[PDB]
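Shown below, as structure tokens, is a lone chain in the form solved without this ligand; questions about how it binds or moves come after it.
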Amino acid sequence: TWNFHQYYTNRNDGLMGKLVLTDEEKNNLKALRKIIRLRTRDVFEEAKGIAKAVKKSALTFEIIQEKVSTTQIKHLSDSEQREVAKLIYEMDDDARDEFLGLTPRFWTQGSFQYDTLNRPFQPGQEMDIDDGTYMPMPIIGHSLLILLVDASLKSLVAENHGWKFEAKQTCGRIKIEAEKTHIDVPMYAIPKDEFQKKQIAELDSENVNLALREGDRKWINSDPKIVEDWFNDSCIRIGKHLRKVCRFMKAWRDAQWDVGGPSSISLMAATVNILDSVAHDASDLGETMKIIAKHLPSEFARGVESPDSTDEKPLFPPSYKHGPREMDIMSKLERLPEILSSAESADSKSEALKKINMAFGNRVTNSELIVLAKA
């Protein structure tokens, strides 16, 4: 019978040592995010410069266009530039007024904010950085904001070799395969007055709207602060070990799937439900990971519901809604406890390391992190 606590938690050779990024990596991602923010704000200032020239000495559309083709918005297709120029021209005094006072704001979400960003494992796997841009509007164009953020990202891509722009449904994305990193930029709309009033010092989820790229619906009520709050709360409530086991389950997914698998947020939600309803010992994360693995299939089978009550879709669908994908996820889920149990009862440290590395991959190599269990 073996103990795997050091295998999991050691910050040098242990799994945690292999997943957490160094302060340098962490700062390179902050620098990249700062770059994206600066360019977004700059492109908005250029566009607003044009619009301000429109409010002032009213100019012709063909002139507006000529000015637009000189700003970083020149990194859009000639048709998109046409769209931008148009929307800026067709603007009424009011919309233009509101627009000239709009300055985009930013707030990061996902792993990087939760502090659960794992070093990518298999080739193709990358670091996900979601940095949302919030537009303080009342209650302006959807297309105009989408085009301005798009123009910011494409303008940054036109400056760097190996960078790519991908237009996804809930965001515009910048990929950097060579650096194994990618940054999504979802756009939200928030109430202006409440934003200013709170600034002179939390908004209301009911008024935080996520813009959708295509479809009949161009906005949906979605606040990331809900999930962030929920996880932070669950972290204080459960303990410092929740983030660790969440990182471990995510690493497990990253090791069992080169691409795909259950979302990290479903694994997190389930893991928190388990740690909330089952007794465990934080001074032994191997035992805890065994409990978690043991209760995960039963959690994913019943279905995992988002900690956001406004979310109508679940993080993971229940059993009677499972297709090949969810059945595959249930296959691996049900295969993990057998691996931890097998590894626990190995015949040597090296074989225990071999068996336990069947779940998280060959990342931990030091077999001395595994030790005999005390009576």
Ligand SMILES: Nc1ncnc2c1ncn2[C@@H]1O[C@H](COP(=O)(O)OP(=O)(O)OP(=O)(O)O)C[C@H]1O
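Note that the rigid core is defined as the largest set of C-alphas that superpose within 1.5 Å between two forms. Note that residue numbering begins at 1 and tracks the sequence as displayed.
Enquirer: Relative to the presented form, and with the rigid core used for superposition, do the C-alpha atoms of 250-258 or of 209-217 deviate more in 6 other deposited structures of this protein?
Expert: With the rigid core fitted, 209-217 is the stretch that strays more in 6 other deposited structures of this protein.
Enquirer: Which of 317-325 and 64-72 lies farther, on average, from the shown form in 6 other deposited structures of this protein once the rigid core is superposed (C-alpha RMS)?
Expert: The answer is 317-325, which departs more from the shown form in 6 other deposited structures of this protein.
Enquirer: What number of residues from the deposited sequence go unmodelled in the gap from residue 139 to residue 140, classed as none, 1 to 3, 4 to 9, or 10 or more?
Expert: The entry leaves 4 to 9 residues without coordinates here.
Enquirer: Would you class the number of unmodelled deposited residues between residue 201 and residue 202 as none, 1 to 3, 4 to 9, or 10 or more?
Expert: The entry has a long gap there, with 10 or more residues left out between residue 201 and residue 202.
Enquirer: Per the entry, where is the mean C-alpha temperature factor higher: 192-200 or 293-301?
Expert: So the stretch with the higher mean C-alpha B-factor is 192-200.
Enquirer: With respect to the recorded C-alpha B factors, which stretch has the higher mean value, 339-347 or 36-44?
Expert: It is 339-347 that shows the higher mean C-alpha B-factor.
Enquirer: So among 83, 131, 179, 150, who wins on Cα B-factor in the entry?
Expert: In this record, 83 carries the highest C-alpha B-factor of the candidates.
Enquirer: Compare the CA B factors listed in the entry for 90, 159, 276, 287 and report the winner.
Expert: Among 90, 159, 276, 287, the PDB entry lists the largest C-alpha B-factor for 90.
Enquirer: Within this chain, which third does the Cα B-factor at residue 29 fall in: lowest, middle or highest?
Expert: Lowest third.
Enquirer: Mind checking which third residue 94 falls in for C-alpha B-factor across the chain?
Expert: It falls in the top third of the chain.
Enquirer: Check where residue 186 lands among this chain's C-alpha B-factors and tell me if it's the lowest, middle or highest third.
Expert: Lowest third.
Enquirer: Comparing against every modelled residue in the chain, figure out the third that the C-alpha B-factor of residue 241 lands in (lowest, middle or highest).
Expert: Bottom third by C-alpha B-factor.
Enquirer: Among the chain's modelled residues, which third holds the C-alpha B-factor of residue 218?
Expert: Answer is highest: the recorded C-alpha B-factor places it there.
We do not show the form deposited with this ligand bound, though everything after this point is about it.
Enquirer: Of 287-295, 271-279, 222-230, 154-162, which is the one stretch near this ligand in the deposited bound form, taking non-hydrogen atoms within 4.5 angstroms as near?
Expert: Heavy atoms within 4.5 Å of this ligand in the deposited bound form occur in 222-230.
Enquirer: Please state whether every one of the three residues 128, 188 and 315 places a non-hydrogen atom within 4.5 angstroms of this ligand in the deposited bound form.
Expert: Affirmative, all three are within 4.5 Å.
Enquirer: Let me know the one among 181, 109, 71, 81 whose heavy atoms come within 4.5 Å of this ligand in the deposited bound form, would you?
Expert: Of the listed residues, the single hit is 109.
Enquirer: Looking at 265, 147, 251, 85, which is the one with a non-hydrogen atom within 4.5 Å of this ligand in the deposited bound form?
Expert: Among 265, 147, 251, 85, a heavy atom within 4.5 Å of this ligand in the deposited bound form occurs only for 265.
Enquirer: How about residue 168: is it within 4.5 Å of this ligand in the deposited bound form, going by heavy atoms?
Expert: Looking in the deposited bound form, residue contacts with this ligand include residue 168, since a heavy atom lies within 4.5 Å.
Enquirer: Is residue 46 a contact residue for this ligand in the deposited bound form, using a 4.5 Å heavy atom cut-off?
Expert: Because no heavy atom of residue 46 falls inside 4.5 Å of this ligand in the deposited bound form, the answer is no.
Enquirer: Residue 173: heavy atom within 4.5 Å of this ligand in the deposited bound form?
Expert: Yes, residue 173 lies within 4.5 Å of this ligand in the deposited bound form.
Enquirer: In the deposited bound form, does residue 121 come within 4.5 Å of this ligand, counting heavy atoms only?
Expert: It does not: once this ligand is placed as it appears in the deposited bound form, residue 121 has no heavy atom within 4.5 Å of it.
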